[PDB]
Amino acid sequence: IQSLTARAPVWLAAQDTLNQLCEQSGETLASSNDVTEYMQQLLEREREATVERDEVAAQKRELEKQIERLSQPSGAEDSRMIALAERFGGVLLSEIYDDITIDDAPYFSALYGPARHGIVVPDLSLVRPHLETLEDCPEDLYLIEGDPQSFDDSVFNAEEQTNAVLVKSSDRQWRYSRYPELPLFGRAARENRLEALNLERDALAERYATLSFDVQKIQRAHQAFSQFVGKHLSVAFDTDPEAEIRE
Amino acid sequence: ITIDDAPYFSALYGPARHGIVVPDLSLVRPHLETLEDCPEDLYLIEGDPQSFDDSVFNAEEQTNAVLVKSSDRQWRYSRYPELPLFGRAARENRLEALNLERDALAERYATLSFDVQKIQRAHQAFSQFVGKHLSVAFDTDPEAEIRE
Amino acid sequence: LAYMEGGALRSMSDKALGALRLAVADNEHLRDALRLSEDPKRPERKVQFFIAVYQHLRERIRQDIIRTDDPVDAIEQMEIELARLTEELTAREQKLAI
């Protein structure tokens, strides 16, 4: 009786800890081997959830990068377009066409092509010296000549076609710009579209948070099981003393 | 095309780097309205595919860059890219380097998997011991008590 | 604890009450219930205090975004909320900067 009594409290605390740990799970444990397979299932769920979480995070990061790219000063290639714009007494072409209608925006964007984002500089000789210096700039920088405040439409070999525009960029060379959707020009409702991107990313962030919480919960369950087994295995699944002591 | 001038050719061509050498230009205009899946800024040039004459540019070479009079009141500045569209030569050594990195990752994964296998085996041995010899584990020798 | 003498139980209870003193400093109703609970001739008050804890812990659940009636199971939901609010804080900081 005294030996069983001495053994008792350890066994009782072990039983209570094990019952709490198992009930926290949907399963009830019955063996050390069974605990090992539960650990294996925990590892499987963890290695899965982490992959989904990372995939969602990559999608998320792409979404915020896209949202930022449309931010300032007027959503464009502002990484270097900024310095390229204020360093010279010019104005962004996209900003110049900032207020164009959503309907004329695709037409003008197709008409202007890769030069939509160009910078208006009436001289073209201010950039002539600095050209050699420019090593950190978009692989294709675009500049146009005219009055930034009242620039006259760039003369083009344009040829409008159904929802598109052909153009002769140089002798024997044509660029065919199909009417884009949600264009560069007309950057007033494009702010509304980056708001729509924020709305879209809201659900992505919600799902990422759920996945991260699941990962944390699985990690904490695994750590609790580890601590358990550290303190617990010696008496796990052993016979009940209380009944023996009463008998 | 040579690796040396390939970045130069890419910088000179710009977005027109990706283009089709159609010496007629007559199959496009009727089909132009018929092109919908084509890239939005489709680029087409007139030249002989057998001997494509050098494309027309008013090109000035700056240090690792170029300036081209793309059109009236339009001067375009470009820099030299890497892995240019021209002179690909299949760039097979880049594929090989990527394969080397992937194979190194696979080898590392194999080694880690083997280590995990060994650790699992040791765990199962420990579990087996504690399942069958835990009760008498570390306890004293009964032979002395028996002799006493 | 069924196999531990009363003196050690008194000692653990004393230590726990000392901790509760600091823990419940802010609250007034829980503090008053605790201040009542130490009379040794009214044991049920102690039990009541526990109820008063859980009860209180339930009303302040802010069930608008939480559901678990048991506060012990709401720690996960608060952790979820902290993670979500950290994300929202990052977004807000970026927006303010721009």
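Cβ: placed from backbone, ideal geometry, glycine included. Neighbour counts: every protein chain shown. Read-outs throughout are calculated quantities, based only on the coordinates presented, and are distinct from any laboratory measurement.
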In the stretch C:5-53, how many are surrounded by 12 or more Cβ atoms within 10 Å (Cβ to Cβ) and among the acidic types (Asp, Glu)? 2
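State whether the residues of the stretch C:76-88 include one that is away from chain A (no Cβ under 12 Å) and out of contact with any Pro (no Cβ under 6 Å at 6 or more places or on another chain).
Among the residues of the stretch C:76-88, not one is away from chain A (no Cβ under 12 Å) and out of contact with any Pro (no Cβ under 6 Å at 6 or more places or on another chain), which makes the answer no.
Here is a yes/no grid of residues against (1) away from chain A (no Cβ under 14 Å); (2) free of Cβ contacts under 8 Å to residues at least 60 places away in the same chain:
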residue: B:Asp72; (1), (2): no, yes
residue: B:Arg76; (1), (2): no, no
residue: B:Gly87; (1), (2): yes, no
residue: B:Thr111; (1), (2): yes, yes
residue: B:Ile119; (1), (2): no, yes
residue: B:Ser127; (1), (2): no, yes
residue: B:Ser135; (1), (2): no, yes
What is the number of the single condition among (1) touching an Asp or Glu at 6+ places or on another chain (Cβ under 6 Å); (2) on the phi < 0 side of the Ramachandran plot; (3) surrounded by 12 or more Cβ atoms within 10 Å (Cβ to Cβ) that B:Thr63 does not meet? (3)
Restrict the check to the stretch A:232-245 and report whether at least one residue is at positive phi and part of a loop (DSSP other than H, G, I, E, B). yes
Flag for A:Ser226 being polar (S, T, N, Q), at the interface with another protein chain (Cβ under 7 Å from one of its Cβ atoms) and not in a loop (DSSP other than H, G, I, E, B): no
From the residues in the stretch B:1-48 that are among the polar types (S, T, N, Q) and surrounded by fewer than 18 Cβ atoms within 10 Å (Cβ to Cβ), which one is nearest to A:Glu181 (Cα to Cα)? B:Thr34
Residue under question is B:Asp37, and the condition is that it be in a loop (DSSP other than H, G, I, E, B) and within 30 Å of the chain's Cα centre (by Cα); does it hold? yes
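Condition check ((1) hydroxyl-bearing (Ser, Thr, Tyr); (2) more than 34 Å from the chain's Cα centre (by Cα); (3) more than 30 Å from A:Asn192 (Cβ to Cβ)) across all residues:
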residue	(1), (2), (3)
A:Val10	no, yes, yes
A:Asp16	no, yes, yes
A:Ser25	yes, no, yes
A:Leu29	no, yes, yes
A:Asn33	no, yes, yes
A:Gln41	no, no, yes
A:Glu48	no, no, yes
A:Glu55	no, no, no
A:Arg61	no, no, no
So which residues in the stretch A:168-210 are within 14 Å of chain B (Cβ to nearest Cβ) and of a type in the set (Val, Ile, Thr)? none
List the pairs whose first member sits in the stretch B:29-57 and is more than 10 Å from chain A (Cβ to nearest Cβ), whose second member is assigned to a loop (DSSP other than H, G, I, E, B), and whose Cβ atoms are under 6 Å apart, counting only residues at least 6 apart or on separate chains? B:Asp48/B:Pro23
Number of the exception - A:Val165 against (1) more than 28 Å from B:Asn58 (Cβ to Cβ); (2) more than 8 Å from chain B (Cβ to nearest Cβ); (3) aliphatic (A, V, I, L, M); (4) more than 32 Å from the chain's Cα centre (by Cα): (1)
The residue that is nearest to A:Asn192 (Cα to Cα), considering only those in the stretch A:88-99 that are charged (D, E, K, R) and surrounded by 14 or more Cβ atoms within 10 Å (Cβ to Cβ), is A:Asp98
